[PDB]
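Observations on chain architecture
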Amino acid sequence: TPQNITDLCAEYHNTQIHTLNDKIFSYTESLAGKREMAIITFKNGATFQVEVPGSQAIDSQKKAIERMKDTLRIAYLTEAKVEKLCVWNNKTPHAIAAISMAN
Amino acid sequence: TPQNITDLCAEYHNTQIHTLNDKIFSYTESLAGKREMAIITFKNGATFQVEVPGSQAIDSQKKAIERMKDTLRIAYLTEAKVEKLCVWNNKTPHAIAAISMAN
Amino acid sequence: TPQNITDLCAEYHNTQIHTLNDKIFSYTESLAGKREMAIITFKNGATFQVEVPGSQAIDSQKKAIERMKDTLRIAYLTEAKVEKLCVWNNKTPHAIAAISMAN
Amino acid sequence: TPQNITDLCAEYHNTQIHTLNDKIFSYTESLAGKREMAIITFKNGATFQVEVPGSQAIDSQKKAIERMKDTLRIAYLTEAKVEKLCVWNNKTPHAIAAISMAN
Amino acid sequence: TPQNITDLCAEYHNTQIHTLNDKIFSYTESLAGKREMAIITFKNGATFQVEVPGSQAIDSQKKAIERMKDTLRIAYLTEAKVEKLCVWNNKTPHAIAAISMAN
Ligand SMILES: OC[C@H]1O[C@@H](O)[C@H](O)[C@@H](O)[C@H]1O
Ligand SMILES: OC[C@H]1O[C@@H](O)[C@H](O)[C@@H](O)[C@H]1O
Ligand SMILES: OC[C@H]1O[C@@H](O)[C@H](O)[C@@H](O)[C@H]1O
Ligand SMILES: OC[C@H]1O[C@@H](O)[C@H](O)[C@@H](O)[C@H]1O
């Protein structure tokens, strides 16, 4: 079991870590058919998504995806500093896999 | 995959991108028979709803609707500035499809 | 579709609007068998309940009832001003059908 | 229909009202096997639990149990004054049936 | 029934209490496959996880796992002082079974 976001991120193919150390600049949410998703942006121009849950994803996956959207919304609204994001680069915008917060 | 609310809204028919750059003026919620709606209003007069899901709604759609109503209530309570809304304009009041928050 | 709580409230029999423009004074909740209800009070003496759903209540009603208890709890804790309540006056305490919040 | 916590408490056997008029001193929660419970304490030494649900417990009661733990956590975190607690005194520690919050 | 985290923790083998009396230094969350988990750390170098749910986990166990993650996030964001943690010490990082929060 990884004990940090960098090592967790490295367990997967087509991932990379972004180190932001900054609050979220914008939060976008859609319930539109086939776009049940969330997009956040940082003031440096970086844009990321929380991907739509897939065709019958398992229970743990669907719960974590909803948890991550919960987390980004509350982080944005409270101006909580985001330390790092682990994202999949085979999507556009890059898709969030994990987030770390410190400070 | 759209990277912002304007491009997302343009992927659907019968939608309008609506710019606000303002906090929600009032939040209304109902639990009454087939009116389990949320209504939000803004200072300059605009009025929007989160439409009640019908009897064929799939799980992903129901979950996203529930999420949006959560988002509107917390945005309202925190006086978070709403940048834009993407709304369906063939219903009255217009029905929210997406929301962007910034500033 | 109604565009404000007054007009929504008027679509039902045995309802009425109360205009509080004040924060909630007390919040009560129970998990006791058959009384899974919430009761709120205002400093002017008014008392209102969120009625227990019955054994035939469909899922969309149940979810709205739970949402309203969530809303009342968070308003109470944050001292958010309640503008109006739409209530059924054929129950005691009067039963909440809808709520509006505005500064 | 009870209009307050005291009257509601009186509808059940093996209950009593505690009048704290104080914020929660400590919040404890467990996910351990057979002990999926919450414990709260006050500065005067009183200790109460949110009981583990029974095997037969129906959905509405389970939902209310989960709600009460939500309530105690946020009451604790916001230092919200707890007015009264309705508890079952045939358990140890005494188990929460209802709570009232007021200043 | 245990009346405090220390006694609760002693009911299980391979557990220990950490007395931290300190806020969480960092909060990490992941939705990645096989890694639906949360990791918290303290400024003394202690690192803890909320284990990935088991594929056959019962309902009460799954909900408590979800609740614990909700608690850790809100404790983190509000700088709530964590009093003690009850952890399974046959996991690496040590896995949270119970948390106590006090002032
Ligand atoms: O679990 C979700 C992941 O699924 C992978 O197969 C895909 O490459 C990633 O982009 C991400 O979507
Ligand atoms: O939907 C709940 C409402 O249902 C009505 O039929 C009843 O008259 C009201 O008192 C309220 O209970
Ligand atoms: O509904 C929960 C309550 O159920 C009663 O039967 C029991 O006597 C109480 O101790 C409490 O467990
Ligand atoms: O219930 C969760 C616990 O399950 C036990 O079997 C295990 O030994 C502990 O380390 C922890 O995983």
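In the PDB archive, X-ray crystallography is given as the structure determination method for this entry, at a resolution of 2.0000 Å.

The subject of this paragraph is the relation of the copies chain E and chain A. In screw terms, the move from chain E to chain A is a rotation of 72° and a rise of 0.1 Å along the axis, fitting with an RMSD of 0.3 Å. In symmetry terms, the pair is related by a five-fold rotation axis. When the interface residues of chain E are mapped onto chain A, a mere 4% of them again lie at the interface, so each copy presents a different face.

Looking now at the site of ligand 4. All names here are of chain E. All residues in the neighbourhood of ligand 4 are listed as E51, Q61, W88, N90 and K91. Between an oxygen atom of ligand 4 and a side-chain N or O atom of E51, the distance comes to 2.7 Å. Taking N90, its side chain carries an N or O atom lying 2.6 Å from an oxygen atom of ligand 4. Notes on ligand 4: free accessible area 310 Å², of which the protein chains cover 58%. When its residues are assigned to classes, the shell around ligand 4 shows 1 nonpolar, 2 polar and 2 charged.

Evaluated as defined, the whole model comprises 39 salt bridges over all chains. The shortest N-O distance in the salt bridge between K62(E) and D59(A) comes to 3.7 Å. Residue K62(E) is located in helix α2 (residues 59-78), and its partner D59(A) is located in helix α2 (residues 59-78); the two belong to separate chains. Residue classification places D59(A) among the partly exposed residues on the basis of a relative accessible area of 30%. A salt bridge links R67(E) to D70(D); its shortest N-O distance comes to 2.7 Å. Of this pair, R67(E) sits in helix α2 while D70(D) sits in helix α2 (residues 59-78), which puts the two residues in different chains. The class for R67(E) is buried, based on a relative accessible area of 9%. Residue classification places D70(D) among the partly exposed residues on the basis of a relative accessible area of 27%. Linked by salt bridges that have partners in common, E66(A), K69(A), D70(A), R73(A) and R67(B) make up one network.

Let us now look at the interface of chain B and chain A. Opposite the 29 residues of chain B that make contact, chain A presents 23 residues. Interface of chain B and chain A: buried area, both sides summed, is about 2300 Å²; carbon and sulfur atoms make up 56% of it. Three residues, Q3(B), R67(B) and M101(B), lead the burial of chain B against chain A; their summed loss comes to 29% of the area buried on that side. The interface formed by chain B and chain A contains 3 salt bridges. Scanning the region where chain B abuts chain A turns up 15 residue pairs in polar contact. Those elements that provide at least two residues to the side of chain B that touches chain A are α1 (5-9), α2 (59-78) and β6 (94-102) of chain B.

Note on interface size: it is often stated as the accessible area lost on association of the parts. Counting from both sides, the interface comprises 25 residues of chain E and, opposite them, 30 residues of chain A. Together, the buried faces of chain E and chain A total about 2500 Å²; carbon and sulfur atoms form 56% of this surface. Counting the surface chain E buries against chain A, the share from its top three residues, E29(E), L31(E) and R35(E), is 29%. Linking chain E with chain A are 4 salt bridges. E11(A) is the salt-bridge partner of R35(E), the closest N and O atoms lying 2.8 Å from each other. At the boundary of chain E and chain A, one finds 15 residue pairs in polar contact.

Take the environment of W88(C) next. All names here are of chain C. Counting through the fold element by element, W88 comes out in strand β5 (residues 82-88). Classification of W88 as buried rests on a relative accessible area of 19%. The spatial distance from the C-alpha of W88 to the C-alpha of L31 is 23 Å, given a sequence separation of 57 residues.

The next subject is the packing of aromatic side chains. One pair of aromatic rings is described through two measures. These are the centre distance and the angle between the planes. Residues and elements named next belong to chain C. Scanning the entire structure with this criterion turns up 9 aromatic pairs over all chains. Geometrically, the ring pair formed by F42 and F48 is edge-to-face, given 6.1 Å between the ring centres and 70° between the ring planes. The exposure class assigned to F42 is buried, which follows from its relative accessible area of 2%.

So, about the state of the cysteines. Residues and elements named next belong to chain B. Tallied over the full model, the rule gives 5 disulfides over all chains. Sulfur-sulfur distance for the disulfide between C9 and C86 comes to 2.1 Å. Here the S-S torsion is close to 80°, and the disulfide linking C9 with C86 is therefore right-handed. Placement of the pair is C9 in helix α1 and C86 in strand β5 (residues 81-88), with a sequence separation of 77 residues.

This brings us to the pairing of strand β5 (residues 82-88) of chain A. Residue and element names in this part refer to chain A. The buried count for β5 comes to 6 of 7 residues, which makes it a mostly enclosed element. Of the pairings in the sheet, the one linking strand β1 (residues 15-22) to β5 comprises 6 bridges and is antiparallel in character. Along β5, the bridge assignment pairs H18 with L85. The pairing of β5 with strand β6 (residues 94-102) spans 5 bridges and is antiparallel. From the neighbouring strand, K84 faces β6, where its bridge partner is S100.

Closest axis-to-axis distance for the α2(B)/helix α2 (residues 59-78) of chain C pair is 12 Å, and the angle between their directions is 15°. What the angle tells us is that α2(B) and α2(C) run roughly parallel. In terms of crossing hand, the pair formed by α2(B) and α2(C) is right-handed. Facing α2(B), whose interface residues are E66(B), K69(B), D70(B), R73(B) and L77(B), α2(C) presents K63(C), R67(C), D70(C), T71(C), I74(C) and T78(C). In the contact of α2(B) with α2(C), the residues fall into 2 nonpolar, 2 polar and 7 charged.

A word on the relation of the copies chain B and chain A. Think of it as a corkscrew move, a rotation about one axis and a shift along it, taking one chain copy to the other. For the pair chain B and chain A, the superposition axis carries a translation of 0.0 Å, the fit reaches an RMSD of 0.5 Å, and the rotation angle comes to 72°. Comparing interface residues between copies, only 3% of those in chain B also lie at the interface in chain A; the contact surfaces differ.

Calculation notes
- Residues numbered from 1 in each chain as written, not as in the entry; some residues may be left out.
- Chains lettered and ligands numbered in written order.
- Heavy atoms only, no water.
- Least-squares fit on C-alpha atoms.
- Contact = heavy atoms within 4.5 Å.
- Near = heavy atom within 4 Å.
- Polar contact = N/O pair within 3.5 Å; in protein donor to acceptor, adjacent residues only side chain to side chain.
- Areas by Shrake-Rupley, 256 points an atom, 1.4 Å probe, with all protein chains shown as cover.
- Nonpolar A, V, L, I, M, F, W, Y, C, P; charged D, E, K, R; others polar.
- Salt bridge = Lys/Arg side-chain N within 4 Å of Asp/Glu carboxyl O.
- Helix = DSSP H or I, 4+ residues; strand = E, 2+ residues; numbered from the N terminus.
- Buried < 20%, exposed > 50% of the residue type's maximum accessible area, 1.4 Å probe, protein only.
- Buried area = accessible area lost by both parts, 1.4 Å probe.
- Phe/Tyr/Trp six-rings, centres within 6.5 Å; stacked < 30°, edge-to-face > 60°.
- Disulfide = S-S within 2.5 Å.
- Pairing = 2+ DSSP bridges.
- Axes fitted to C-alpha atoms, helices over the stretch in contact; angles between N-to-C directions.
- Parallel < 35°, antiparallel > 145°, perpendicular 65-115°, else oblique.
- Left-handed = near helix turned anticlockwise from the far one by under 90°.

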